[PDB]
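Every residue, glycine among them, receives a Cβ derived from its backbone with ideal geometry; neighbour counts consider all protein chains shown. Since every read-out is calculated from the coordinates, none of them should be taken as a lab result.
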Amino acid sequence: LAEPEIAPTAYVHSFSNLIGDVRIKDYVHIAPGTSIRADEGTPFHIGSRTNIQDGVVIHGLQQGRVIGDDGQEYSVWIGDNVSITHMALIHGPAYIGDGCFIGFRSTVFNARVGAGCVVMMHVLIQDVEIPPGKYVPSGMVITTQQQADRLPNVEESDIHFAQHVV
Amino acid sequence: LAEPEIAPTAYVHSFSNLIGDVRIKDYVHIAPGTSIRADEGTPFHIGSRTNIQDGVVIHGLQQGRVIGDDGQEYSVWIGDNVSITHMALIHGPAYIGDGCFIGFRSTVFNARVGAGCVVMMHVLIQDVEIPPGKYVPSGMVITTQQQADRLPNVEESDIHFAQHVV
Amino acid sequence: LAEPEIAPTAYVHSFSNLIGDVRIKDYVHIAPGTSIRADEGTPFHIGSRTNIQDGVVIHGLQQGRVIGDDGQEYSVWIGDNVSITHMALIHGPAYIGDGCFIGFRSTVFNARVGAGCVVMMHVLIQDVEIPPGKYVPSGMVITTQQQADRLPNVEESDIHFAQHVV
Ligand SMILES: [Cl-]
Ligand SMILES: [Cl-]
Ligand SMILES: [Cl-]
Ligand SMILES: [Cl-]
Ligand SMILES: [Mg+2]
Ligand SMILES: [Zn+2]
Ligand SMILES: [Zn+2]
Ligand SMILES: [Zn+2]
């Protein structure tokens, strides 16, 4: 496999299992107890200032890609200023836009989550595109585009909550 | 504890925490970031060509067994050609039949899942027997036999989905 | 960071990632595959005879504390005789009282769970106080005090179930 590209200012804990073509930008913080393996789906991108918390798994399917902001194909693209919090599962093909909060134990698989979404705890997002700036309440199981199209806009209280966690 | 029995063609990543009387058959693939410990409930069986993905925990209660296909008692029996996908929890007593798909973050505990079931994501299966060839939609919490008895049959689209993941 | 205080009779598996001011009392059993890190929120307390099972993450927010039974501030306080079972997430600020059962894949975050509660599987408890002696059925997503105030009392069958798991 190709080697990870780790920006000089990124922090990757030695207990993180990081393998393959994972392109990690400035000031990223990857906790211990994380798995980020581009051994099937590849490449991955993790944007600047993004935090990947303990218990997270990031993996991808061999087949299936999203378009990154650079126009290249990725198995997993996670933008800048994203929080991928404890126990989240980000499974390619997946795009998570800048500034998203992905709350505890939530999954994004075969999906696009637009910039500035606040996804709460114990959520499943699969097989859909969520436009920018939407809020997903805890426990929701979003598997159809019709559900995704009903989601409310992020309100100030949702941003404040996400800020208080991160 | 007894030692694992690892078939010559099985792959067990060095980062897997594999302990005790775990009987692993041909062409099994056990990922890093897995825990498969027969230190309480024992023995375990993992059938041929089965894949155990990163984030999975397989454990068992000291008391409580299922009958394996060899007539012996097991804490956990996982059949041939099974996919135990990311973050699944298989907790003995548990039987998972040949060809099952157990989707991301799903739990099987004190239960029997018949051959050829397709269990989707974020599912709980506990204290029930699911007959062969049933589909469990994402997010379902199955804790009673009445619920298990309502499950739909696997359709071609469900098999195709499972095939596309695996 | 400060070092953990590990009682002479406590068992902490060498594969546990235990860091910081974590105060672990008599006969605690911490499994492999656990993460218990007081590197942000601190301190933590884990009371006597408590079991922390494989797959658990215990972490805390830098800001936000609960009052422990000693009157001191903690990010996470887990009492005596508690079972924190596989894949549970206990995230500070959090108080879990003596004798609680926290079932598989359940989360307690920014919450107080009174002594003697039985919390089942795939539960979210967030932003609430649960009084002592309540039962939380599997799959419940408790995010408001109104929901917490509706919970049933633990019945003998719930205690028996918890006993059969632990
Ligand atoms: Cl973390
Ligand atoms: Cl999980
Ligand atoms: Cl894997
Ligand atoms: Cl354990
Ligand atoms: Mg883990
Ligand atoms: Zn995968
Ligand atoms: Zn166990
Ligand atoms: Zn945290």
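List of remarks:
- Among residues of region A:140-166 that are within 14 Å of another protein chain (Cβ to nearest Cβ), those with a Cβ under 9 angstrom from a residue that is surrounded by fewer than 17 Cβ atoms within 10 Å (Cβ to Cβ) and assigned to a helix (DSSP H, G or I), sequence gap 6+ or separate chain, pair up as A:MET140/A:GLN147; A:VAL141/A:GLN147.
- Restricting attention to region B:65-87, the residues that are under 11 Å from B:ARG23 (Cβ atoms) and part of a loop (DSSP other than H, G, I, E, B) add up to 3.
- Scanning region C:97-108 for residues that are in a strand (DSSP E or B) and more than 10 Å from every other protein chain (Cβ to nearest Cβ), we see that the one that is surrounded by the fewest Cβ atoms within 10 Å (Cβ to Cβ) is C:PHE101.
- Count of residues meeting criterion [within 12 Å of chain A (Cβ to nearest Cβ), touching a helix residue (DSSP H, G or I) at 6+ places or on another chain (Cβ under 9 Å) and either closer than 20 Å to B:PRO93 by Cα or surrounded by fewer than 20 Cβ atoms within 10 Å (Cβ to Cβ) (or both)] in region B:116-139: 0
- Listed by first and then second residue, the pairs linking a residue in region B:1-27 that is at positive phi to a residue that is in a loop (DSSP other than H, G, I, E, B) and among the basic types (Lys, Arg), with Cβ atoms under 9 Å apart and 6 or more places separating them unless they lie on different chains, are B:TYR27/B:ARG49.
- Residues considered: A:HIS86, A:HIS160. Of these, the only one that is closer than 22 Å to A:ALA38 by Cβ and out of contact with any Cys (no Cβ under 6 Å at 6 or more places or on another chain) is A:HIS86.
- Flag for B:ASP70 being farther than 16 Å from B:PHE109 by Cα, surrounded by fewer than 18 Cβ atoms within 10 Å (Cβ to Cβ) and more than 16 Å from ligand 1 (Cβ to nearest atom): yes
- Filter result for C:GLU40 (farther than 18 Å from A:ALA31 by Cβ, part of a loop (DSSP other than H, G, I, E, B) and not aliphatic (A, V, I, L, M)): no
- Hits in region B:85-96 - residues which are away from chain A (no Cβ under 14 Å) and closer than 28 Å to A:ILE58 by Cβ: B:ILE90, B:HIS91, B:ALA94, B:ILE96
- Condition check for C:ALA111: in contact (Cβ under 8 Å) with a residue 24 or more places away in the chain and either within 14 Å of another protein chain (Cβ to nearest Cβ) or surrounded by 24 or more Cβ atoms within 10 Å (Cβ to Cβ) (or both): no
- Residues of region A:73-82 classified as among the polar types (S, T, N, Q), away from ligand 6 (no atom under 11 Å from the Cβ) and crowded, with 22+ Cβ neighbours inside 10 Å, total: 0
- Residue ID - surrounded by the most Cβ atoms within 10 Å (Cβ to Cβ), chosen from residues in region C:1-21 that are at the interface with another protein chain (Cβ under 10 Å from one of its Cβ atoms) and assigned to a loop (DSSP other than H, G, I, E, B): C:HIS13
- Total residues in region A:22-64, condition of a type outside the set (A, V, I, L, M, F, W, C), away from every other protein chain (no Cβ under 14 Å) and either under 20 Å from B:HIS86 (Cα atoms) or surrounded by 22 or more Cβ atoms within 10 Å (Cβ to Cβ) (or both): 5
- The residue that is nearest to ligand 2 (Cβ to nearest atom), among those in region A:58-87 that are over 20 Å from A:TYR27 (Cα atoms) and aliphatic (A, V, I, L, M), is A:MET87.
- If the condition is being in a loop (DSSP other than H, G, I, E, B) and either in contact with a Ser or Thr (Cβ under 9 Å, 6 or more places away or on another chain) or crowded, with 21+ Cβ neighbours inside 10 Å (or both), then region C:141-151 contributes only C:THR143.
- Odd one out for C:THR42 among (1) out of contact with any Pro (no Cβ under 6 Å at 6 or more places or on another chain); (2) within 16 Å of ligand 7 (Cβ to nearest atom); (3) not small (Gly, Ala, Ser): (2)
- In region A:131-140, the residues that are part of a strand (DSSP E or B) and more than 14 Å from A:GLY99 (Cα to Cα): A:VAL136
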